[PDB]
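So this block is query28.txt, compact mmCIF, C-alpha atoms:
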# COMPACT_ATOMS: atom_id res chain seq x y z
CA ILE A 1 -8.21 -13.52 -1.19
CA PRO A 2 -10.26 -10.67 -2.77
CA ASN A 3 -13.85 -9.78 -1.97
CA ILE A 4 -15.48 -6.68 -3.71
CA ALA A 5 -19.27 -6.32 -2.95
CA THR A 6 -21.84 -3.90 -4.43
CA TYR A 7 -24.11 -1.72 -2.36
CA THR A 8 -26.95 -0.12 -4.30
CA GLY A 9 -29.40 2.46 -3.36
CA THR A 10 -30.85 5.86 -3.91
CA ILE A 11 -29.45 9.05 -2.36
CA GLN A 12 -31.58 12.09 -1.88
CA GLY A 13 -30.48 15.60 -2.85
CA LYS A 14 -27.77 16.82 -0.45
CA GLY A 15 -27.85 13.52 1.46
CA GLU A 16 -25.14 11.51 2.99
CA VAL A 17 -24.98 7.74 3.35
CA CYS A 18 -22.33 5.86 5.37
CA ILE A 19 -21.53 2.21 4.90
CA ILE A 20 -19.30 0.55 7.44
CA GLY A 21 -16.69 -2.20 6.88
CA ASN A 22 -15.12 -4.50 9.46
CA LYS A 23 -17.43 -3.27 12.17
CA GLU A 24 -16.25 -6.32 14.19
CA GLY A 25 -12.75 -4.76 14.17
CA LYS A 26 -11.28 -8.15 13.21
CA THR A 27 -7.81 -8.77 11.80
CA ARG A 28 -7.58 -7.78 8.08
CA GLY A 29 -4.61 -5.96 6.44
CA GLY A 30 -3.84 -4.94 2.85
CA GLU A 31 -5.77 -2.99 0.16
CA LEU A 32 -9.15 -1.32 0.64
CA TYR A 33 -10.77 -0.58 -2.75
CA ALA A 34 -14.02 1.20 -3.64
CA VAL A 35 -15.58 2.98 -6.57
CA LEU A 36 -18.83 4.93 -6.62
CA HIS A 37 -21.15 4.85 -9.62
CA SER A 38 -24.56 6.18 -10.64
CA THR A 39 -26.93 5.30 -13.48
CA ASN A 40 -27.47 9.05 -13.69
CA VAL A 41 -24.95 10.50 -16.14
CA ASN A 42 -25.39 13.86 -14.41
CA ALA A 43 -24.74 12.62 -10.87
CA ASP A 44 -22.35 14.64 -8.72
CA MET A 45 -21.18 12.67 -5.67
CA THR A 46 -18.16 12.35 -3.51
CA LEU A 47 -16.82 9.24 -1.87
CA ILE A 48 -14.91 9.64 1.39
CA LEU A 49 -12.91 6.91 3.15
CA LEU A 50 -12.87 7.29 6.90
CA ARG A 51 -10.78 5.20 9.34
CA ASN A 52 -10.95 5.06 13.14
CA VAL A 53 -7.25 5.83 13.22
CA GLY A 54 -6.12 3.99 16.27
CA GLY A 55 -8.68 5.15 18.93
CA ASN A 56 -8.98 8.98 18.55
CA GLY A 57 -12.18 8.45 16.56
CA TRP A 58 -13.03 8.82 12.93
CA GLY A 59 -10.94 10.71 10.39
CA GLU A 60 -10.78 11.05 6.60
CA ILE A 61 -8.07 9.16 4.72
CA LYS A 62 -8.88 10.31 1.23
CA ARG A 63 -11.74 11.10 -1.11
CA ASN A 64 -12.65 10.84 -4.77
CA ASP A 65 -15.37 11.88 -7.14
CA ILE A 66 -17.79 9.52 -8.77
CA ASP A 67 -16.26 6.79 -11.06
CA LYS A 68 -12.73 7.31 -9.70
CA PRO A 69 -11.64 4.21 -7.73
CA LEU A 70 -10.31 4.87 -4.21
CA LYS A 71 -7.42 2.57 -3.11
CA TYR A 72 -5.70 2.55 0.29
CA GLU A 73 -3.12 0.24 2.03
CA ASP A 74 -3.14 -0.08 5.78
CA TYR A 75 -1.53 -2.23 8.51
CA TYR A 76 -2.64 -0.18 11.54
CA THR A 77 -3.08 -2.42 14.63
CA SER A 78 -4.96 -5.63 15.68
CA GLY A 79 -8.10 -4.86 13.73
CA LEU A 80 -9.97 -1.72 12.77
CA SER A 81 -12.87 -0.31 10.96
CA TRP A 82 -13.60 1.78 8.01
CA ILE A 83 -16.51 3.74 6.66
CA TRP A 84 -17.37 4.76 3.14
CA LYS A 85 -19.21 8.08 3.16
CA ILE A 86 -21.23 8.95 0.06
CA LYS A 87 -22.19 12.56 -0.33
CA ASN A 88 -24.70 13.73 -2.97
CA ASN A 89 -23.50 17.17 -4.01
CA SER A 90 -26.55 17.73 -6.19
CA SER A 91 -30.04 18.67 -5.25
CA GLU A 92 -31.21 15.82 -7.48
CA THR A 93 -32.02 12.45 -5.95
CA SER A 94 -30.16 9.68 -7.84
CA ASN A 95 -29.24 6.06 -7.90
CA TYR A 96 -25.89 5.01 -6.52
CA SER A 97 -23.91 1.86 -6.54
CA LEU A 98 -20.68 1.37 -4.54
CA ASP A 99 -18.27 -1.49 -5.21
CA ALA A 100 -16.19 -1.92 -2.13
CA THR A 101 -13.81 -4.30 -0.30
CA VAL A 102 -15.69 -6.25 2.31
CA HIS A 103 -14.30 -8.16 5.34
CA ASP A 104 -17.36 -10.39 5.64
CA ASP A 105 -20.61 -10.84 3.79
CA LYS A 106 -22.64 -7.74 2.93
CA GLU A 107 -25.44 -7.15 5.44
CA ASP A 108 -28.36 -4.71 5.35
CA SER A 109 -26.98 -3.29 8.61
CA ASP A 110 -23.68 -2.22 7.00
CA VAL A 111 -25.62 0.89 5.94
CA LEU A 112 -25.38 3.09 9.05
CA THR A 113 -28.33 5.19 10.17
CA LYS A 114 -25.87 8.00 11.02
CA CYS A 115 -22.43 8.93 9.76
CA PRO A 116 -19.68 10.00 12.17
CA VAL A 117 -20.30 13.48 13.65
CA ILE B 1 19.59 21.26 -0.81
CA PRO B 2 17.83 17.98 -1.83
CA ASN B 3 19.60 14.63 -1.51
CA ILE B 4 17.91 12.54 -4.25
CA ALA B 5 19.26 9.12 -5.27
CA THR B 6 18.10 6.84 -8.10
CA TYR B 7 17.27 3.16 -7.53
CA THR B 8 17.16 1.01 -10.60
CA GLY B 9 16.06 -2.56 -11.14
CA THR B 10 13.65 -4.98 -12.67
CA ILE B 11 10.19 -5.76 -11.33
CA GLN B 12 8.55 -9.05 -12.30
CA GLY B 13 4.97 -9.41 -13.48
CA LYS B 14 2.47 -8.49 -10.72
CA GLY B 15 5.37 -8.09 -8.35
CA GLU B 16 6.06 -5.66 -5.56
CA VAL B 17 9.33 -4.08 -4.39
CA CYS B 18 9.77 -1.98 -1.20
CA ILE B 19 12.73 0.35 -0.63
CA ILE B 20 13.49 1.75 2.81
CA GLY B 21 14.57 5.36 3.48
CA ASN B 22 16.14 6.72 6.63
CA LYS B 23 16.57 3.18 7.95
CA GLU B 24 19.16 4.40 10.45
CA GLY B 25 16.37 6.40 12.07
CA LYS B 26 17.93 9.83 12.07
CA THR B 27 15.70 12.79 13.00
CA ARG B 28 14.83 14.51 9.76
CA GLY B 29 12.00 16.54 8.37
CA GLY B 30 11.02 18.45 5.28
CA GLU B 31 9.98 17.44 1.83
CA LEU B 32 10.01 13.84 0.69
CA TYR B 33 10.21 13.60 -3.11
CA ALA B 34 10.06 10.59 -5.45
CA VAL B 35 9.13 9.76 -8.96
CA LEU B 36 8.89 6.31 -10.54
CA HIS B 37 9.81 5.69 -14.18
CA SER B 38 10.18 2.76 -16.51
CA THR B 39 11.80 2.24 -19.94
CA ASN B 40 8.71 0.18 -20.88
CA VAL B 41 6.06 2.41 -22.48
CA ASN B 42 3.12 0.09 -21.58
CA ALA B 43 4.38 -0.15 -17.93
CA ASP B 44 1.64 0.20 -15.40
CA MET B 45 3.01 0.80 -11.93
CA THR B 46 2.00 2.49 -8.71
CA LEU B 47 4.26 4.18 -6.19
CA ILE B 48 3.10 4.17 -2.56
CA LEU B 49 4.73 6.02 0.35
CA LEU B 50 4.39 4.31 3.74
CA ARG B 51 5.27 5.38 7.30
CA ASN B 52 4.97 4.00 10.85
CA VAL B 53 3.37 6.88 12.83
CA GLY B 54 3.82 5.16 16.27
CA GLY B 55 2.36 2.60 18.66
CA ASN B 56 0.27 2.02 15.60
CA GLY B 57 1.96 0.34 12.57
CA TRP B 58 2.82 0.98 8.84
CA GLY B 59 0.30 2.69 6.61
CA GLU B 60 0.02 4.55 3.33
CA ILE B 61 0.55 8.28 3.45
CA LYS B 62 0.27 8.78 -0.25
CA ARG B 63 0.52 7.37 -3.68
CA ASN B 64 1.13 8.32 -7.25
CA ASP B 65 1.03 6.77 -10.68
CA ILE B 66 4.24 6.19 -12.68
CA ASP B 67 5.91 9.44 -13.93
CA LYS B 68 3.88 11.58 -11.48
CA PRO B 69 6.17 13.13 -8.87
CA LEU B 70 5.16 12.39 -5.29
CA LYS B 71 5.82 15.29 -2.86
CA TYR B 72 5.02 15.10 0.82
CA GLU B 73 6.02 17.18 3.88
CA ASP B 74 6.38 16.14 7.52
CA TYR B 75 8.42 17.04 10.59
CA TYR B 76 8.69 14.37 13.32
CA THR B 77 11.10 14.89 16.23
CA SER B 78 11.87 11.20 16.57
CA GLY B 79 13.90 9.23 13.99
CA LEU B 80 11.26 7.72 11.69
CA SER B 81 11.95 5.69 8.51
CA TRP B 82 9.80 5.67 5.32
CA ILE B 83 9.17 2.99 2.72
CA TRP B 84 8.52 3.34 -1.03
CA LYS B 85 6.42 0.51 -2.36
CA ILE B 86 6.54 -0.11 -6.10
CA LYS B 87 3.64 -2.19 -7.39
CA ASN B 88 3.74 -3.71 -10.84
CA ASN B 89 0.08 -3.75 -12.01
CA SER B 90 1.07 -5.32 -15.35
CA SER B 91 1.99 -8.91 -16.19
CA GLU B 92 5.07 -7.66 -18.04
CA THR B 93 8.37 -7.93 -16.21
CA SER B 94 9.67 -4.38 -16.49
CA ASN B 95 12.57 -2.01 -15.84
CA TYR B 96 12.01 0.52 -13.08
CA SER B 97 13.88 3.50 -11.79
CA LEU B 98 12.92 5.44 -8.66
CA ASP B 99 14.27 8.89 -7.93
CA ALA B 100 13.79 9.50 -4.26
CA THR B 101 14.90 11.51 -1.27
CA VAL B 102 17.50 9.61 0.75
CA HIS B 103 18.97 10.47 4.16
CA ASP B 104 22.68 9.85 3.51
CA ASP B 105 23.52 7.48 0.64
CA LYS B 106 21.79 4.64 -1.20
CA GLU B 107 22.71 1.02 -0.35
CA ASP B 108 21.76 -2.37 -1.87
CA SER B 109 20.23 -3.33 1.42
CA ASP B 110 17.66 -0.54 1.06
CA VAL B 111 15.68 -2.97 -1.10
CA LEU B 112 13.71 -4.97 1.39
CA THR B 113 12.83 -8.67 1.13
CA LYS B 114 9.31 -7.93 2.26
CA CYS B 115 7.06 -4.88 2.29
CA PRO B 116 5.23 -4.08 5.56
CA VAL B 117 2.42 -6.61 5.99
CA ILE C 1 -23.41 26.98 9.82
CA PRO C 2 -19.62 27.14 8.92
CA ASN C 3 -17.32 29.94 10.07
CA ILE C 4 -14.95 30.80 7.16
CA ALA C 5 -12.49 33.70 7.54
CA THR C 6 -10.27 35.32 4.95
CA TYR C 7 -6.60 35.96 5.58
CA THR C 8 -5.01 38.44 3.21
CA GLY C 9 -1.38 39.35 2.72
CA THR C 10 1.59 39.43 0.41
CA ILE C 11 4.03 36.53 -0.02
CA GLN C 12 7.48 37.20 -1.27
CA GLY C 13 9.09 35.22 -4.10
CA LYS C 14 9.74 31.59 -3.02
CA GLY C 15 8.40 32.44 0.45
CA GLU C 16 6.30 30.25 2.71
CA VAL C 17 3.65 31.51 5.13
CA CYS C 18 1.92 29.30 7.71
CA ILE C 19 -1.45 30.05 9.29
CA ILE C 20 -2.59 28.09 12.33
CA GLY C 21 -6.16 27.07 13.19
CA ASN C 22 -7.69 25.82 16.40
CA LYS C 23 -4.41 26.64 18.07
CA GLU C 24 -5.43 25.57 21.63
CA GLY C 25 -6.69 22.21 20.20
CA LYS C 26 -10.28 22.64 21.36
CA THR C 27 -12.45 19.63 20.46
CA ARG C 28 -14.23 19.80 17.10
CA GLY C 29 -15.74 17.57 14.48
CA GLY C 30 -16.61 18.24 10.86
CA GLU C 31 -15.12 19.60 7.69
CA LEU C 32 -12.07 21.79 7.43
CA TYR C 33 -12.18 23.85 4.21
CA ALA C 34 -9.72 26.26 2.71
CA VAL C 35 -8.99 27.76 -0.71
CA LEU C 36 -6.01 29.87 -1.71
CA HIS C 37 -6.43 32.78 -4.12
CA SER C 38 -4.37 35.67 -5.47
CA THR C 39 -5.11 38.95 -7.24
CA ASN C 40 -2.00 38.05 -9.26
CA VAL C 41 -3.59 36.26 -12.19
CA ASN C 42 -0.25 34.58 -12.81
CA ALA C 43 0.21 33.32 -9.28
CA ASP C 44 1.78 29.90 -8.82
CA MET C 45 1.22 28.67 -5.19
CA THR C 46 0.58 25.52 -3.25
CA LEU C 47 -1.59 25.06 -0.22
CA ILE C 48 -0.70 22.27 2.17
CA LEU C 49 -2.80 21.13 5.13
CA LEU C 50 -0.72 19.92 8.03
CA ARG C 51 -1.95 18.22 11.20
CA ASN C 52 -0.23 17.74 14.53
CA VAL C 53 -0.15 13.97 14.61
CA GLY C 54 -0.03 12.78 18.22
CA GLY C 55 2.48 15.20 19.72
CA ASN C 56 4.85 13.42 17.36
CA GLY C 57 5.13 16.51 15.17
CA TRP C 58 3.42 17.86 12.09
CA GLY C 59 2.42 15.88 9.01
CA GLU C 60 0.84 16.72 5.68
CA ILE C 61 -2.75 15.54 5.14
CA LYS C 62 -3.16 16.77 1.60
CA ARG C 63 -2.36 19.63 -0.75
CA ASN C 64 -3.85 21.57 -3.63
CA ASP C 65 -2.92 24.16 -6.15
CA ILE C 66 -4.06 27.78 -5.99
CA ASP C 67 -7.79 28.18 -6.60
CA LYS C 68 -8.54 24.49 -5.78
CA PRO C 69 -10.39 23.97 -2.47
CA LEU C 70 -9.06 21.58 0.12
CA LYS C 71 -11.65 19.75 2.22
CA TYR C 72 -10.99 17.30 5.04
CA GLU C 73 -13.29 15.71 7.62
CA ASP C 74 -12.14 15.02 11.13
CA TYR C 75 -14.36 13.62 13.95
CA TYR C 76 -11.63 13.03 16.49
CA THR C 77 -12.62 13.35 20.14
CA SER C 78 -9.37 15.05 21.26
CA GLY C 79 -8.95 18.49 19.70
CA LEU C 80 -6.06 19.14 17.41
CA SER C 81 -4.64 22.09 15.63
CA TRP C 82 -3.94 22.39 11.99
CA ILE C 83 -1.72 24.51 9.79
CA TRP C 84 -2.31 25.85 6.35
CA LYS C 85 1.06 26.25 4.64
CA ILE C 86 1.16 28.57 1.63
CA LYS C 87 4.14 28.09 -0.62
CA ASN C 88 4.94 30.63 -3.32
CA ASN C 89 6.37 28.55 -6.18
CA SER C 90 7.05 31.69 -8.22
CA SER C 91 9.87 34.19 -7.82
CA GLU C 92 7.16 36.91 -8.13
CA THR C 93 6.08 38.60 -4.93
CA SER C 94 2.34 38.17 -4.90
CA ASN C 95 -0.87 39.00 -3.05
CA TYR C 96 -2.57 36.08 -1.37
CA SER C 97 -5.92 35.49 0.23
CA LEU C 98 -6.81 32.30 2.09
CA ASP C 99 -10.44 31.54 2.84
CA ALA C 100 -10.47 28.97 5.69
CA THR C 101 -12.61 27.38 8.34
CA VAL C 102 -11.91 28.97 11.67
CA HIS C 103 -13.07 27.98 15.08
CA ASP C 104 -12.83 31.29 16.87
CA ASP C 105 -12.62 34.49 14.91
CA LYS C 106 -9.54 35.29 12.92
CA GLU C 107 -6.69 36.69 15.05
CA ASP C 108 -3.39 38.32 14.03
CA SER C 109 -1.52 35.62 15.92
CA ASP C 110 -2.92 32.98 13.51
CA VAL C 111 -0.15 34.05 11.06
CA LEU C 112 2.82 32.11 12.31
CA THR C 113 6.26 33.55 12.32
CA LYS C 114 7.57 30.23 11.18
CA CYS C 115 6.39 27.05 9.50
CA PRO C 116 7.35 23.72 11.08
CA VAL C 117 10.97 22.50 10.48
In structure tokens, what does this structure look like?
Amino acid sequence: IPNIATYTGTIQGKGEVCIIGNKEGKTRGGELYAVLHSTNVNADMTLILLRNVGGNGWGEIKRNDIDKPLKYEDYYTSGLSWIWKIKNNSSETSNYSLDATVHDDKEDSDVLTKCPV
Amino acid sequence: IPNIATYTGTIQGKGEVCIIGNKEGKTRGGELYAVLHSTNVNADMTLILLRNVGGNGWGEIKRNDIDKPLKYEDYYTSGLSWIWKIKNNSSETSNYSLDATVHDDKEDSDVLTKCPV
Amino acid sequence: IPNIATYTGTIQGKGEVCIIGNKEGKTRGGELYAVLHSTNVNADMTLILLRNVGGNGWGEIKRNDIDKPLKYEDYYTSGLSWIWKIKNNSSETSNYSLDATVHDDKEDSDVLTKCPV
């Protein structure tokens, strides 16, 4: 039943971009997968998986550097959401592309205007 | 002081095997240790440690590749079980052996019919 | 704007020392950071981040070797405390220094008399 989509963009120096999954908090267990890439061989980015635990708010599950796939297996309740946080560690603006598990079709609005704070 | 038992078996192509620890729900804490091995040199397996944190469900707490020892510390006052999930990423039916922390003594029934879903 | 303190001490061979943060569980969101160091060039130590889970007890989030920073983002609405556990893997009694995010200022009482059990 797999469904990996690709979000592409540009991330400014020191910027952060958050892309949400299963914002509808619908029923969907099993593997989350994502990998972060850049066309820039000198990119320096970190990918962070956040989950809204069960109600306490958002918390990190794990993180990886660019080109290292991030895999995570979950059966926490009913439904629940995840966010992929991309952090540019460099001062250099660069392309990114993120391949990630999606619950439903990729929408423009999956890219959040603001990460969790 | 570690109590470490070794589970052996055969895992079919693309198959998954879960093994329960502390099924009897005793109160324990301290280091969990496991390491997955295979006699097949082109084996490609993943070991995943799962727990049920409470009013919440089963989820992954960490993972390691074959031959990479998995070490993890917790201390819960209630009697919580853990599950080792062995994933065969290869098509080749392969030997496995799992060295892992056990509470008392290994039993055939520790191999579950179904991983948490 | 981060407040990073440095704890310094000496850790006996095979010893473990735990340092608590945010001990009253005041509400916070953002990154927890710590890195373990030693003036012993040969030091062999592990740093483990533990979180108090839901009153259920303490559980490891992640771990790193000496000299490798540990970062973790939490945006939970209820405050929670954390522990940095320093394990001396060597039999050699060694200096340590831990640079870590603090919420107040560093206090003597942050050095726990005992790690969770």
Which residue gives the smallest distance to chain C among B:30, B:57, B:69, B:116, with all atoms listed in the file counted?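 Among the listed residues, B:30 lies closest to chain C.
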Report, in Å with one decimal, the straight-line distance from CA of residue 109 in chain B to CA of residue 2 in chain B.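 These two atoms are separated by 21.7 Å.
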Please identify all residues of chain B having at least one atom at most 10 Å from any atom of chain C, considering all atoms listed in the file, and return them as a compact mmCIF listing (two decimals) with C-alpha atoms, in the coordinates of the input.
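Dumped everything to result-v5.txt:
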# COMPACT_ATOMS: atom_id res chain seq x y z
CA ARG B 28 14.83 14.51 9.76
CA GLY B 29 12.00 16.54 8.37
CA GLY B 30 11.02 18.45 5.28
CA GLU B 31 9.98 17.44 1.83
CA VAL B 53 3.37 6.88 12.83
CA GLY B 54 3.82 5.16 16.27
CA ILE B 61 0.55 8.28 3.45
CA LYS B 62 0.27 8.78 -0.25
CA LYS B 71 5.82 15.29 -2.86
CA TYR B 72 5.02 15.10 0.82
CA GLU B 73 6.02 17.18 3.88
CA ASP B 74 6.38 16.14 7.52
CA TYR B 75 8.42 17.04 10.59
CA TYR B 76 8.69 14.37 13.32
CA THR B 77 11.10 14.89 16.23
CA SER B 78 11.87 11.20 16.57
One-decimal distance in Å that lies between CA of residue 70 in chain A and CA of residue 43 in chain A: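 Rounded to one decimal, the two atoms are 17.7 Å apart.
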Which residues are near residue 99 in chain B? Cut-off 9 Å, all atoms listed in the file, ignore same chain within fewer than 3 positions. Put them as a PyMOL selection string. chain B and resi 4-8+33-37
Using all atoms listed in the file, can you tell me which of B:105, B:85, B:98, B:93 comes closest to residue 16 in chain B? B:85
What's the 9 Å shell around residue 87 in chain A, counting all atoms listed in the file, without same-chain residues fewer than 3 positions away, as a PyMOL selection string? chain A and resi 11+14-18+44-48+90
For CA of residue 110 in chain C and CA of residue 26 in chain C, determine how far apart the two atoms are, in Å to one decimal place. 14.9 Å
List the spatial neighbours of residue 23 in chain B as a PyMOL selection string - criterion: any atom at most 9 Å away, all atoms listed in the file, same-chain residues fewer than 6 positions off excluded. chain B and resi 79-82+103+110
